[PDB]
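What follows is a single structure, written as structure tokens, with notes after it.
The first residue of the sequence shown is numbered 1, and numbering continues consecutively from there. Keep in mind that the numbers below use all heavy atoms, side chains included, and drop hydrogens, waters and symmetry copies.
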Amino acid sequence: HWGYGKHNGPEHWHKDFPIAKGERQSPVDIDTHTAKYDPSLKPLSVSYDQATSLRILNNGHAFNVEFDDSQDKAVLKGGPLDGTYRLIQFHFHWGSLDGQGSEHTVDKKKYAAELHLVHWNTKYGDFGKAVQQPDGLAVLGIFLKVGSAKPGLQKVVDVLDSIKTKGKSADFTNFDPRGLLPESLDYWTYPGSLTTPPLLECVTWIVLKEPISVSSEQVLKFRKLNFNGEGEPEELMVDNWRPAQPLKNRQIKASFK
Ligand SMILES: Nc1ncnc2c1ncn2CC(=O)NCCc1ccc(S(N)(=O)=O)cc1
Ligand SMILES: [Zn+2]
């Protein structure tokens, strides 16, 4: 099965998922001088006040905080998007060292980790239909740098002990994802894909310019998670990121100058 090791990592994925070499793969490097300011872009509308978190799961590749997406409770609208996109889950990708871990890069700079808030287009009825559509998903990406602690992240950090290994889950209600956002909603946007198998080309990427800061202690606790299941040889869950892919026939647009 696919993973992030020497023998099953990103350089191998194309053999089972040929779209890995496709025309709109993610992540990409964001070249800040060649992204174009687009004044037609509308401001992002992040409406998370009625968010209903349910559960946190270690799925063997990252951990997901899952939300009730059976009504319009936590939605993303505006920006490049047409329609309403519902929040279904968020997760992170991170490194073994503070100098790496993000999937997107900015002028080839790597951040310590990257947060993905995953949303799907309600006109397609459910998430499984949406991933089959070129405008099915909107993923809001937020860079993490190491510095001061992020208070809104600590509730996540404190439950990781209970989901150390693949397949473990825990109740995770009443979490407010607004605590994970930076001050500014300035962003870059481009059409891309899921960054793990099945690598489907269904995502409008919205990557915020402003990183959030997290503490050394917070990211260290990410790195104590396990890729393996309970009773299997311990392999630390680190460096679960795909590197930058060719931009091909795409232009990255900026909401700001
Ligand atoms: N009908 C279908 N066919 C095939 N698979 C289906 C499916 N229904 C569900 N699934 C699983 C799937 O696709 N899950 C995608 C999970 C995911 C990966 C990466 C990101 S990320 N890193 O891009 O944010 C965000 C989300
Ligand atoms: Zn992701």
Side-chain angles (χ1 to χ4, degrees), residues 1-13 15-17 20 27 51-70 87-103 111-118 126-128 131 139 141-142 144 146 149-177 179-180 194-200 214-243:
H1 202 60
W2 68 271
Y4 295 94
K6 183 146 160 262
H7 299 287
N8 61 357
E11 303 307 316
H12 294 273
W13 294 352
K15 295 176 269 169
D16 283 291
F17 304 93
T52 300
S53 68
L54 303 162
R55 196 180 70 138
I56 187 168
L57 168 73
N58 177 337
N59 62 22
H61 308 289
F63 61 89
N64 293 353
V65 175
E66 302 163 352
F67 289 80
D68 177 6
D69 68 344
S70 71
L87 179 65
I88 177 168
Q89 52 107 328
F90 68 79
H91 61 272
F92 304 77
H93 308 261
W94 61 94
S96 55
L97 306 159
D98 294 355
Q100 68 199 55
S102 63
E103 301 207 298
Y111 282 88
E114 184 178 330
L115 162 64
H116 291 158
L117 295 127
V118 180
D126 68 62
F127 177 88
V131 297
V139 184
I142 302 178
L144 282 59
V146 168
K150 191 68 159 174
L153 179 63
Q154 190 60 33
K155 283 295 226 140
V156 176
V157 165
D158 279 322
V159 78
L160 295 187
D161 275 341
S162 76
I163 59 149
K164 181 181 196 181
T165 52
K166 176 168 54 74
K168 299 260 189 211
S169 69
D171 183 278
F172 201 71
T173 52
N174 307 107
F175 182 78
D176 187 342
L180 297 176
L194 306 175
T195 66
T196 74
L199 297 173
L200 295 170
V214 308
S215 65
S216 322
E217 291 80 14
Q218 289 183 317
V219 72
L220 278 166
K221 297 205 184 173
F222 284 17
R223 298 179 184 144
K224 293 177 159 70
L225 293 167
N226 282 6
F227 283 125
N228 55 285
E230 189 177 6
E232 302 173 348
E234 179 166 20
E235 191 59 356
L236 294 187
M237 186 181 281
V238 295
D239 292 315
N240 58 349
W241 51 276
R242 187 193 199 191

For [X], does the [atom1] atom sit with more than 12 other heavy atoms under 6.0 Å from it, leaving out its own atoms?
X	atom1	answer
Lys150	NZ	yes
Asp158	CG	yes
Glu11	CD	no

Do [X] and [Y] make a side-chain contact, defined as non-hydrogen atoms from C-beta onward lying under 4.5 Å apart?
X	Y	answer
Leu144	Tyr111	no
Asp16	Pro197	no
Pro243	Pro10	yes
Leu57	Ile163	no
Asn64	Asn59	yes
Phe92	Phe222	yes
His61	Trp2	yes

In Å, rounded to the nearest 0.5 Å, how long is the span from [atom1] of [X] to [atom2] of [Y]?
X	Y	atom1	atom2	result
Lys155	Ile56	NZ	CD1	11.5 Å
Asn8	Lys15	CG	NZ	9.5 Å
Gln100	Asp239	CD	CG	4.5 Å
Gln89	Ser53	CD	OG	13.0 Å
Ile142	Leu180	CD1	CG	7.0 Å
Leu194	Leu199	CG	CG	7.0 Å

Inset, instruction - Output all residues satisfying side-chain contact (heavy atoms from CB on, under 4.5 Å) with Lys164, sequence neighbours left out; order by chain, then residue number. - result: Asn226, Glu234
Please check this pair: side chain of [X] against backbone of [Y], looking for a donor-acceptor N/O pair closer than 3.5 Å.
X	Y	value
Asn240	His93	no
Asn174	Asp176	no
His12	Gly3	no
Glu232	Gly229	yes
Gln154	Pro151	no
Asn58	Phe63	no

Describe, in one word, how the ring planes of [X] and [Y] are oriented to each other, choosing from parallel (under 30°), tilted (30 to 60°) and perpendicular (over 60°).
X	Y	result
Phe67	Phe90	tilted
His116	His91	perpendicular
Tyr4	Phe227	parallel

Legend entry - Verdict with reasoning, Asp68 to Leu54, per side-chain contact (heavy atoms from CB on, under 4.5 Å): CA-CA 7 Å; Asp68 177 6; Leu54 303 162; 4.3 Å; yes
Legend entry - Closest approach of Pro177 to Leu87 (non-hydrogen atoms, all atoms of both residues): CG-CD2, 4.3 Å
Inset, instruction - Mind checking ring pair (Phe, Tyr, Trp, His ring centres under 6.0 Å) for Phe172 and listing every partner two or more places apart, or none if nothing turns up? - result: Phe175
Inset, instruction - Just do the salt bridge (charged side-chain N to carboxylate O under 4.0 Å, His left out) check on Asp98 and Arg223 with the steps written out, would you? - result: CA-CA 11 Å; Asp98 294 355; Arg223 298 179 184 144; 2.8 Å; yes
Inset, instruction - List the steps and the verdict of side-chain contact (heavy atoms from CB on, under 4.5 Å) for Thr165 and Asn228. - result: CA-CA 6 Å; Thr165 52; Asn228 55 285; 4.1 Å; yes
Inset, instruction - For salt bridge (charged side-chain N to carboxylate O under 4.0 Å, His left out), just list the numbers for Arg242 and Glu103, CA-CA rounded to whole Å, side-chain angles, deciding distance to a tenth of an Å, and then say yes or no. - result: CA-CA 6 Å; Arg242 187 193 199 191; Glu103 301 207 298; over 6 Å; no
